[PDB]
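The lines below spell out each chain.
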Amino acid sequence: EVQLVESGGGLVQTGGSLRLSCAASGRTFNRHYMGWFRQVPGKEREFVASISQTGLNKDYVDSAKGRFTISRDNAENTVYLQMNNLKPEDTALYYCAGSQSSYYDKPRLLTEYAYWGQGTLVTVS
Amino acid sequence: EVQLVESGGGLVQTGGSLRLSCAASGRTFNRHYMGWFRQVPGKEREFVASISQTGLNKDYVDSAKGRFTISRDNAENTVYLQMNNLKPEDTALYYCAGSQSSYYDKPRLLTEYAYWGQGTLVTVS
Amino acid sequence: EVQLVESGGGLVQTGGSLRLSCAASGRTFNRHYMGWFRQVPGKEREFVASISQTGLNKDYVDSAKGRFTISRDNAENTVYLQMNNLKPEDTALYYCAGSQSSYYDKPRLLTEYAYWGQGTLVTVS
Amino acid sequence: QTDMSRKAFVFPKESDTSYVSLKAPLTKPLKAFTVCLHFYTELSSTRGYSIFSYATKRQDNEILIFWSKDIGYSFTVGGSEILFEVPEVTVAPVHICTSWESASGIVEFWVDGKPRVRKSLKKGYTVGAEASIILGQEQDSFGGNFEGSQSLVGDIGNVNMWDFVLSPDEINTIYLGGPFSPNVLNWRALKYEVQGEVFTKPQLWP
Amino acid sequence: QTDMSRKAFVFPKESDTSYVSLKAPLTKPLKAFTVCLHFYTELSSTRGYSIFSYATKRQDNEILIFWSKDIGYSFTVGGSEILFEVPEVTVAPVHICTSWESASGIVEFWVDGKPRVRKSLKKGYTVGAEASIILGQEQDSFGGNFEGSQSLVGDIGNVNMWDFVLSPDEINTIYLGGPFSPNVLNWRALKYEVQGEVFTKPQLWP
């Protein structure tokens, strides 16, 4: 039921860093797991990362692991994705998605997710 | 009729700088000539400077001549006093005051000034 | 989480008194211990004193004991620092800080403190 | 010594002169102890007050248990303080046993028999023996400076203090009224000096 | 071995280095287990903490019992998590028994001898035996990297862990304190190593 918004996108030279943020409108945010997905023109959205409702358990994709970090602030009910090691290819649209009103694990699919944000653009020069 | 509130006071090293300001509440501000007065504990107030409505004719005390500057703004209806190369002796409370329901020159006496502010402390070490 | 403001500063002749006050914005004020620190140009802040949450245990610096008093009013959540027999050296900026949402003794360091006010200026002529 | 059994002191009116002075035969300094007592008052929904005041010559607040308004039980040793918060205040006689040990800094706090979580205080400190113990006044000096806003109106009894930490079993026995042997302060052999408006009456609490 | 009966550990200060390391004789990987333990702390209303940490060289969170703020009990196995919400919390010693089966993926959650609904988690998995078990800290690595915001303050005892699912009757007997023979971790034959501010004291809970 939450409404997702994203910020922190833009253009940066290779090797830079970006602390993208996502805000949630609702009161059940602490009962839904969050995730970051990637989208490119002429293609569909792709899994990037997923993070614990409790926040103690996370999941990174093979490319993102070691380079990206995902965290959440329940009190501020906002998710943070620190993207670093920025190479040209990782320039596309990014979506903060999330959908879960019940205890469960962290999946890596798209059907389960039910709510999506407007999105943001990230570019590497 | 206008209410004068100064600001920008504080503590600074010898030979410093300080752009004190003064806000005036009212609509006749462009009709009065403003002034800055000095006062020390155990003594009366002393003249410091005087600023004009049109702002083209001013008057500086002998010591402050060249070292200090006084200016006025009409759109924002405020007054600015800039002091540079401060010393220990010039450390007291400064009052942006004045009163002009008339159209005259800039005097150096205290009686003519009717409206007075609260004052701010300026100290140099 | 409280927001600290201070008042009562100014300039006074030696041997005078000053009842500086500090106000707190928040509801957990009674859960935080309070403290007064000193700062001078060309140097860092300096411990001055402290006040117990419950308001039964205090701590003064060696110079402040016998000359300064510290108290807190929980109902109005305000901290009072009464100084007397002021000396010329006792002219600098003063900060009311405090940060132990929890329960512990009174320390005399700076790292533990987390929240700071804008500050006030005190001068002795 | 006078047997205080089944009897309690009464402080009927708020004032700054009614107080009781206790005398301790203590000689060696204390590394540990256990205070147990039973008190009753309705001031909770009002200003703060001092339950037990121990003061050496070099520190008015060597040990002071104190109720802080809206906060709860405030225990302090050697100038430090920790608070045992209380959410809501009832209106009934209450029994409290508190222990502190200098070796580990562990403090135990048992209210009406139900223990509070252990916490730390002043590890390595030592308490002097020569002291003044007072009932009904918080002393900011060795033997005076009693403030009116801090005096206790109500009743106190069963005051007892050891020189070592009792086990949980022993505390349970005390709260149930079983036999025991105080070694630094015995209610049954107590020695005191009353001052002002304080009286001796049968205890209200069971 | 040491008999810890009627005794418990104490963590008096919120700190990052205080923790106890447990050792197990287990060699075969676990297809099922049950864990029972008693613990008492007051951090519930302030922040989250880790009760029990089982980790292996390939996974820092093989088995994690964690209290999340404003959520309740969060049970994690093999990198997957479930929540057992708690509406309201109270200040009392709490005993908990938690079981999981690999064959069916069923999980039982008993708090104060009251069972939570059985749920599913990671059917078909295997738990490696080689592992480090730690109390007082949540461990994000096999030998380090702890977090002060997550360490626990208070007491934890009666830690017992089996390699199969007890029936409800046996759990009831555990709750009331009867005789039982743990096979992997024995409170009565425990081996351990302590680090930092941690102590051994008589238990508070009955």
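Residues numbered from 1 in each chain as written, not as in the entry; some residues may be left out. Chains lettered and ligands numbered in written order. Part of a larger assembly, values for the part shown. Heavy atoms only, no water.

In the PDB header, cryo-EM is given as the technique by which the entry was determined, and 3.65 Å as its resolution.

Student: How should the interface of chain E and chain D be read in this particular structure?
Tutor: Many analyses report the size of an interface as the accessible area lost when the parts associate. With 13 residues of chain E at the interface, the matching set in chain D holds 12 residues. With both sides pooled, the region where chain E packs onto chain D buries about 1,300 Å², and carbon together with sulfur makes up 57% of that total. One salt bridge connects E:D155 with D:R118, and the closest N-O pair in it is separated by 2.7 Å. Across the chain E-chain D interface, the total number found is 6 residue pairs in polar contact. Of all the secondary-structure elements, those providing two or more residues to the side of chain E that touches chain D are β12 (154–162) and β14 (199–202) of chain E. Among the elements that take part in the side of chain E that touches chain D, β14(E) stands out by supplying 3 residues, more than any other. Looking at the side of chain E that touches chain D residue by residue, the class counts come to 6 nonpolar, 2 polar and 5 charged. (Contact = heavy atoms within 4.5 Å. Buried area = accessible area lost by both parts, 1.4 Å probe. Salt bridge = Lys/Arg side-chain N within 4 Å of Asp/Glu carboxyl O. Polar contact = N/O pair within 3.5 Å; in protein donor to acceptor, adjacent residues only side chain to side chain. Helix = DSSP H or I, 4+ residues; strand = E, 2+ residues; numbered from the N terminus. Nonpolar A, V, L, I, M, F, W, Y, C, P; charged D, E, K, R; others polar.)

Student: How do you make sense of the environment of B:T111 when you look at a structure like this?
Tutor: All names here are of chain B. One can find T111 in the loop between β9 (93–97) and β10 (120–124). For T111, a relative accessible area of 62% translates into the label exposed. Once the C-alpha coordinates of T111 and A92 are considered, the two residues, 19 residues apart in sequence, prove to be 21 Å apart. A polar atom in the side chain of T111 sits 3.2 Å from the side chain of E112. (Buried < 20%, exposed > 50% of the residue type's maximum accessible area, 1.4 Å probe, protein only.)

Student: What am I meant to see in the pairing of strand β4 (residues 34–39) of chain B here?
Tutor: Along a regular strand, successive side chains alternate from one face of the sheet to the other. Residue and element names in this part refer to chain B. In terms of residue burial, β4 counts as a mostly covered element, since 5 of its 6 residues are buried. As defined by bridge partners, β4 adjoins strand β5 (residues 45–51) across 6 bridges and the pair is classed as antiparallel. Bridging across to β5, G35 finds its partner in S50. Hairpin connection, β4 to β5: the antiparallel pair is bridged by 5 residues, and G42 has positive phi, about 80 degrees. Pairing analysis gives 5 bridges linking β4 to β9, with the strands arranged antiparallel. Looking at β9, one finds that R38 is bridged to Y94. (Pairing = 2+ DSSP bridges.)

Student: I tried to follow the interface of chain B and chain C on my own but got confused; where do I start?
Tutor: Contacts between the two partners involve 8 residues from chain B and, on the opposite side, 8 residues from chain C. Buried surface at the junction of chain B and chain C, summed over both partners, amounts to about 600 Å²; 89% is from carbon and sulfur atoms. It is B:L11, B:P41 and B:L121 that lose the most area in chain B upon contact with chain C, and together they represent 72% of the buried surface on that side. The set of elements that each furnish at least two residues to the side of chain B that touches chain C consists of β2 (10–12) and β10 of chain B. Its residues placed into classes, the side of chain B that touches chain C shows 5 nonpolar, 3 polar and no charged.

Student: Is there a simple way to think about the packing of aromatic side chains in this case?
Tutor: Overall, the coordinates contain 35 aromatic pairs over all chains when judged by the stated rule. Seen in terms of ring centroids, D:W162 and D:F180 are 5.8 Å apart; in terms of plane orientation they differ by 45 degrees. Their pairing is tilted. Residue D:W162 is located in the loop between β12 (154–161) and α1 (168–175), and its partner D:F180 is located in the loop between α1 and β13 (192–195); the two are separated by 18 residues in the primary sequence. Exposure remark for D:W162: the relative accessible area of 4% places this residue in the buried category. With a centroid separation of 6.3 Å and 75 degrees between ring planes, the pair formed by E:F9 and E:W187 is classed as edge-to-face. Linking E:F9 in strand β1 (residues 7–11) with E:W187 in the loop between α1 (168–176) and β13 (192–195), this pair joins segments that are 178 residues apart in sequence. Ring pairs connect the aromatic residues A:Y33, A:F37, A:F47, A:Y113 and A:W116, which therefore count as one cluster. (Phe/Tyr/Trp six-rings, centres within 6.5 Å; stacked < 30°, edge-to-face > 60°.)

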